[PDB]
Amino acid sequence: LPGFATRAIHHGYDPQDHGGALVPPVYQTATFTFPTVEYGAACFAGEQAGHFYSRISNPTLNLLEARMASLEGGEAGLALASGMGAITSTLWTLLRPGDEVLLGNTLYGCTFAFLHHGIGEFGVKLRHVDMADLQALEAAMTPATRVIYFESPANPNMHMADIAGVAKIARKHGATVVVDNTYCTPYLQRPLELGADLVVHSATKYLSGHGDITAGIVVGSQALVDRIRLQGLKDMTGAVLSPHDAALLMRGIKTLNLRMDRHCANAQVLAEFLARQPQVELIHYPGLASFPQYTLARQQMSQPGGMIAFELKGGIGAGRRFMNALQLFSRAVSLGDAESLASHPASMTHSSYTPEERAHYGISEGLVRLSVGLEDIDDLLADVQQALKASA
């Protein structure tokens, strides 16, 4: 079996089948023609390998999908217009009124909003459980429980889930487990190999790597993904990925291993620096010995990742002064870009939450999230250093 970097570059593509083209040609076309109507009928009915319409399927998208499937150790992949496209397309097809879904305690803002203000308002029961607490999860299960959805690590406080433990329990009850693997990527964590049924990504982040596209990926079993393609995507979201964006995403994935290594190495130095600093109160970085879930993080993630969260003594006031003083880090939402980014999740990425919902689900007061980029660490260090002095 070829290695991870080899498959990220080559999997599912032989140049000899596309006139020798080293880079696959981009199928920037909306529709496909048939040699006969009989051939066409067969494509819609499902009984033929082939194409008809890019919302359903497209060869550039198919390559991305097969390749992502290989990196995650899944059977099938699906490409969508956004991470939210992936999550909604997935959850819209698996759930109906009277089904319940068990969620991780903390979710990405628009995931939270979709669950509570979106699909939750169409008769689907929601309940939040700590997915590190196995006995609390077992107690939460009902016969209505159809899906278990969570992020690990969780946006934006780094809370881990026991994916093996959760999936053991889900097998007993006949529940489908969906893991948002955006933060880690398949290079660092493969929830399907820990017993998850489906993984979703915002391919907008690390998988793209360069901040120039919005995209989503689902990977899992052939049977789940075929349902998500033919119902969620085709009929319920229409979250179709541009073939052009899919080729940039494939371009990004070719350096995923190298990029993640550098995100991790830079993030480690910055986190360790931030530990030894008088202005810092807490730190959530999985690679610090201090990290409360350090043991669980190491059983699931091969490296501690590119994201750091921390609080300052000074609270919300020092937050503003720190961020506004950054000269190399940029003040923005998003993560997993070559550029280093800094954000305040309560006013920005999780601004769908009210002040009570902020506090209820572990989203703090003076919390600053860093997405550590690929710049020279000395420059990043100097910038964080001078920004701490400015926050007094």
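Start at 1 with the first residue shown and count on from there.
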(message) If you average the CA temperature factors as listed in the entry, which stretch comes out higher, 122-130 or 187-195?
(response) 122-130
(message) So, looking at the entry's B-factor column for Cα atoms, which has the higher mean, 380-388 or 20-28?
(response) 380-388
(request) Please work out which residue in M250, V218, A139, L256 has the highest C-alpha B-factor recorded for this crystal structure. (result) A139
(request) By the entry's C-alpha temperature factors, tell me which of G336, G366, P59, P35 sits highest. (result) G366
(message) For the chain shown, is the CA B-factor of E151 in the lowest, middle or highest third of its modelled residues?
(response) middle
(message) Based on the deposited C-alpha B factors for this chain, I'd like to know if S352 is in the lowest, middle or highest third.
(response) highest
(request) Give the position of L63 by CA B-factor within its chain, expressed as the lowest, middle or highest third. (result) lowest
(message) Based on the deposited C-alpha B factors for this chain, I'd like to know if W92 is in the lowest, middle or highest third.
(response) lowest
(request) Sorting the chain's modelled residues by C-alpha B-factor, tell me whether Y206 ends up in the lowest, middle or highest third. (result) lowest
